[PDB]
Structure formats: structure tokens, C-alpha cells
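Novice: Got start.pdb for you, PDB, C-alpha atoms:
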```pdb
MODEL        1
ATOM      1  CA  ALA A   1      -0.658 -23.321  -0.242  1.00  0.00           C
ATOM      2  CA  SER A   2      -0.849 -19.562  -0.714  1.00  0.00           C
ATOM      3  CA  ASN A   3      -3.349 -17.867   1.602  1.00  0.00           C
ATOM      4  CA  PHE A   4      -4.057 -15.062  -0.836  1.00  0.00           C
ATOM      5  CA  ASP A   5      -2.762 -13.801  -4.169  1.00  0.00           C
ATOM      6  CA  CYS A   6      -1.775 -10.130  -4.216  1.00  0.00           C
ATOM      7  CA  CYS A   7      -2.902  -7.706  -6.931  1.00  0.00           C
ATOM      8  CA  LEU A   8      -1.201  -8.734 -10.173  1.00  0.00           C
ATOM      9  CA  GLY A   9      -2.070  -5.455 -11.832  1.00  0.00           C
ATOM     10  CA  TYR A  10      -0.756  -2.351 -10.115  1.00  0.00           C
ATOM     11  CA  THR A  11      -1.675   1.322 -10.538  1.00  0.00           C
ATOM     12  CA  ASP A  12       0.112   4.499 -11.691  1.00  0.00           C
ATOM     13  CA  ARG A  13      -0.866   7.357  -9.418  1.00  0.00           C
ATOM     14  CA  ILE A  14       0.479   9.460  -6.623  1.00  0.00           C
ATOM     15  CA  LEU A  15      -1.915   8.596  -3.808  1.00  0.00           C
ATOM     16  CA  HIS A  16      -1.387  10.201  -0.435  1.00  0.00           C
ATOM     17  CA  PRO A  17      -2.242   9.963   3.249  1.00  0.00           C
ATOM     18  CA  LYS A  18      -4.845  12.390   1.863  1.00  0.00           C
ATOM     19  CA  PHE A  19      -6.789   9.394   0.540  1.00  0.00           C
ATOM     20  CA  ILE A  20      -5.518   6.497   2.650  1.00  0.00           C
ATOM     21  CA  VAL A  21      -7.225   5.112   5.740  1.00  0.00           C
ATOM     22  CA  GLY A  22      -5.898   1.581   5.514  1.00  0.00           C
ATOM     23  CA  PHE A  23      -2.940  -0.442   4.293  1.00  0.00           C
ATOM     24  CA  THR A  24      -2.191  -4.105   3.662  1.00  0.00           C
ATOM     25  CA  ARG A  25       1.241  -5.231   2.488  1.00  0.00           C
ATOM     26  CA  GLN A  26       1.615  -8.197   0.143  1.00  0.00           C
ATOM     27  CA  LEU A  27       4.916 -10.015  -0.191  1.00  0.00           C
ATOM     28  CA  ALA A  28       6.122 -12.567  -2.731  1.00  0.00           C
ATOM     29  CA  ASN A  29       6.904 -15.131  -0.037  1.00  0.00           C
ATOM     30  CA  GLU A  30       3.820 -15.041   2.195  1.00  0.00           C
ATOM     31  CA  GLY A  31       1.416 -16.233  -0.461  1.00  0.00           C
ATOM     32  CA  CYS A  32       1.586 -14.102  -3.566  1.00  0.00           C
ATOM     33  CA  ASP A  33       4.327 -14.723  -6.124  1.00  0.00           C
ATOM     34  CA  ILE A  34       4.689 -10.995  -6.598  1.00  0.00           C
ATOM     35  CA  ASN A  35       4.552  -8.094  -4.145  1.00  0.00           C
ATOM     36  CA  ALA A  36       2.054  -5.251  -4.081  1.00  0.00           C
ATOM     37  CA  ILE A  37       1.252  -2.712  -1.395  1.00  0.00           C
ATOM     38  CA  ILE A  38      -2.496  -2.418  -0.841  1.00  0.00           C
ATOM     39  CA  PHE A  39      -3.426   1.105   0.152  1.00  0.00           C
ATOM     40  CA  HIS A  40      -7.035   1.228   1.288  1.00  0.00           C
ATOM     41  CA  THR A  41      -8.597   4.483   0.177  1.00  0.00           C
ATOM     42  CA  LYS A  42     -11.211   6.480   2.055  1.00  0.00           C
ATOM     43  CA  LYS A  43     -13.263   5.543  -0.996  1.00  0.00           C
ATOM     44  CA  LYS A  44     -13.376   1.892   0.113  1.00  0.00           C
ATOM     45  CA  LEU A  45     -11.202   0.837  -2.837  1.00  0.00           C
ATOM     46  CA  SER A  46      -8.005  -1.190  -2.578  1.00  0.00           C
ATOM     47  CA  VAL A  47      -5.185   0.486  -4.486  1.00  0.00           C
ATOM     48  CA  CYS A  48      -2.558  -1.832  -5.930  1.00  0.00           C
ATOM     49  CA  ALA A  49       0.365   0.339  -4.940  1.00  0.00           C
ATOM     50  CA  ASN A  50       3.632  -0.355  -6.718  1.00  0.00           C
ATOM     51  CA  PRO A  51       6.497  -1.173  -4.339  1.00  0.00           C
ATOM     52  CA  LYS A  52       8.573   0.437  -7.103  1.00  0.00           C
ATOM     53  CA  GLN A  53       7.532   4.033  -6.494  1.00  0.00           C
ATOM     54  CA  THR A  54       8.741   6.434  -3.810  1.00  0.00           C
ATOM     55  CA  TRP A  55       5.332   7.863  -2.879  1.00  0.00           C
ATOM     56  CA  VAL A  56       4.426   4.301  -1.984  1.00  0.00           C
ATOM     57  CA  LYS A  57       7.688   3.833  -0.111  1.00  0.00           C
ATOM     58  CA  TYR A  58       6.974   7.072   1.738  1.00  0.00           C
ATOM     59  CA  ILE A  59       3.431   6.154   2.767  1.00  0.00           C
ATOM     60  CA  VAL A  60       4.392   2.580   3.713  1.00  0.00           C
ATOM     61  CA  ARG A  61       7.169   4.008   5.937  1.00  0.00           C
ATOM     62  CA  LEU A  62       4.601   6.058   7.828  1.00  0.00           C
ATOM     63  CA  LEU A  63       2.168   3.138   7.855  1.00  0.00           C
ATOM     64  CA  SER A  64       4.871   1.010   9.482  1.00  0.00           C
ATOM     65  CA  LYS A  65       5.718   3.793  11.930  1.00  0.00           C
ATOM     66  CA  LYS A  66       2.374   4.602  13.513  1.00  0.00           C
ATOM     67  CA  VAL A  67       3.913   5.769  16.770  1.00  0.00           C
ATOM     68  CA  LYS A  68       1.415   7.213  19.225  1.00  0.00           C
ATOM     69  CA  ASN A  69       2.580  10.782  19.706  1.00  0.00           C
ATOM     70  CA  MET A  70      -0.796  12.447  19.278  1.00  0.00           C
TER      71      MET A  70
ENDMDL
END
```
Take the structure in this file and express it as C-alpha cells.
Specialist:
Amino acid sequence: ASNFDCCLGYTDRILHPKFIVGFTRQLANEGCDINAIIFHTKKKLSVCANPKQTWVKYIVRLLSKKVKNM
């Protein structure tokens, strides 16, 4: 069965690293039937980030590339 079921209702904002301290990606083949990026705000709220939007694509690129430089 599906472990979890990703957020079926997304958001329409431009959230930033400015507000993000966490991130959980949801695919349509791991459990959910749809795919939603979960950006965890510094406000303890899970944002249903649309995989459709570039600000999301941008943040998820950085969130996948946490290379330890500093």
C-alpha cells in the first residue's frame, strides 16, 4: 500500500530559503498518486509546494545540493 499520501491541495506563493528550514519531497510513485514538494517553514507549517513553479524548483535544487562548503 501507499505509506503516505502527499498534499492534494498545493499553495500559490513565492516562499524562500528565507522561510524554509526543512523539506520533504513527495512523488507520485512512492505512495502518493500526485507529487508535491513539502517545504517546512520556520513557522512549523508544511507548505504544499507546487512542483510546477520555478521558485520551488530553485529551492528544491539547493535542498538536494546541501554540499558542506561552510
Novice: Find the residues near region 36-38 of chain A: any atom within 6 Å, counting only C-alpha atoms, skip ones fewer than 3 places away on the same chain, and give them as a PyMOL selection string.
Specialist: chain A and resi 23-26+46-50
Novice: Which residues, named as in the file, does the PyMOL selection byres ((chain A and resi 9-18) around 12) pick out? Answer as a ChimeraX atom specification.
Specialist: /A:5-8,19-23,34-43,46-63
Novice: In Å, with one decimal, what is the gap from CA of residue 44 (chain A) to CA of residue 4 (chain A)?
Specialist: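 CA of residue 4 (chain A) lies 19.4 Å from CA of residue 44 (chain A).
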Novice: Can you give me, as a list in words, the residues this file yields under the PyMOL selection byres ((chain A and resi 31) around 8)?
Specialist: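 In the shown coordinates, the PyMOL selection byres ((chain A and resi 31) around 8) covers residues 1, 2, 3, 4, 5, 6, 27, 28, 29, 30, 32 and 33 of chain A.
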